[PDB]
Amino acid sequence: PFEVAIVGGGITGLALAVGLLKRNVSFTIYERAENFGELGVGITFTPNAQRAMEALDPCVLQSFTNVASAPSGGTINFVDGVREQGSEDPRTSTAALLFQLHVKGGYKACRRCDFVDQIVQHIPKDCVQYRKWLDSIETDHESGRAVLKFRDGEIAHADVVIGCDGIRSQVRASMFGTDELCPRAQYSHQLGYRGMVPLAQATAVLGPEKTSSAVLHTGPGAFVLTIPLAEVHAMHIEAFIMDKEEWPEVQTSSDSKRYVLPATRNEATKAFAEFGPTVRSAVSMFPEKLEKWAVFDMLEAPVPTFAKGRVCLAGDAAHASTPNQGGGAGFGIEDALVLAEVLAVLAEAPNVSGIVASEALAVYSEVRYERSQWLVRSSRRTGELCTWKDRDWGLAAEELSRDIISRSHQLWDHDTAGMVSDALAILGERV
């Protein structure tokens, strides 16, 4: 009977796991770490991701809502962060509004560790094998089933292998290799500086007009998001600075060590010196010492497909993205939903051949591949729009609004139900 191996207990892998559990599909999660750690990064999930969470199972969405914070007002105001008018005190200034982005079906943010902790409560402990660092995959000569080989020297068998193992996926290496020309994530030239302050502090400094909703402050070479989270009485400040430099290469198993460097507030101060009072004040609210996150994506070196034989990729393993149109983790949840649904059809059969397993994964890839590639490219472009890379969009508000509203519609307002039904229709025709 049909066994799914999930490699990696990140958001993608855990979401899939709950999906399979609720559909009575046999699986095991293989996780290299001793536990799921404590990475507390804020991830914003968009309406499409929330629908996918619910379709996986109500408890996946519940796990998220249990820990997520809604911003005070639900529209994102795009402003020109340079041409703020009226005063040098943000409390008395007028924001230079470009356009308002209304989200249909809500966005919320959570700490990654909080959501993981929630989802993990719905997965039996025996379904997770820790200290299982996937190193290679072979085919069983006798059975033709997949053979996972771990760094500890042990093996395991499965009918399908789902690489949910993140931006530096070993499953991806198994499928396509890891030479200099191989598919991989590379630096997107975007550096993130993040901080949380009391909402009362932000209001004191900026005035309640500027803390009453999310605001994305656009400008030359850099942008800031100020996101009021009234239910934890916090203001989240996120600054992204565009960096034409390459990112210093470090050889390390740790993504934190690979993608993060110490910084000072001065780097942000300098980056936003030509911006208006609101942005300068927001950046001033950072700690003096902080970290900078180098954002990597798979724009330049994508994978050619998400499936090959009995093996496939989901989440950051398949399509690590910039977060400029919401966290890529959300589209990992879409991936997990399609997989959960297709794998459940296979699990219902008494015997599943290698051929049929491979065809099923191919259907998953056909459904997700181009939409995923578009996420990576569109999110990159959104960052270029917000940092005025090729145009001063402060002078082209209506053109900017049409571009961002359209890209957001394509990404966020997707027919999640239709996606799954399409996958299953195609699967039914092909097997």
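Start at 1 with the first residue shown and count on from there.
- Once the C-alpha B-factors are averaged per stretch, 57-65 and 33-41 rank with 33-41 first.
- Of the two segments examined, 66-74 and 365-373, it is 66-74 that shows the higher average Cα temperature factor in the deposited entry.
- Within the listed group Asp297, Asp335, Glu341, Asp140, the record reports its top CA B-factor for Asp140.
- Per the PDB entry, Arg91 shows the highest C-alpha temperature factor of the residues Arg91, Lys149, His102, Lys308.
- Residue-level temperature factors show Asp403 in the middle third of its chain, judged at the C-alpha atom.
- Per-chain ranking of the deposited C-alpha B factor places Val283 in the middle third.
- Ranked within its chain, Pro228 lands in the highest third, by CA B factor from the PDB record.
- Per the deposited record, the Cα B-factor of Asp80 falls in the middle third when ranked against the other modelled residues of its chain.
- Ranked by Cα temperature factor within the chain, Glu249 sits in the highest third according to the deposited record.
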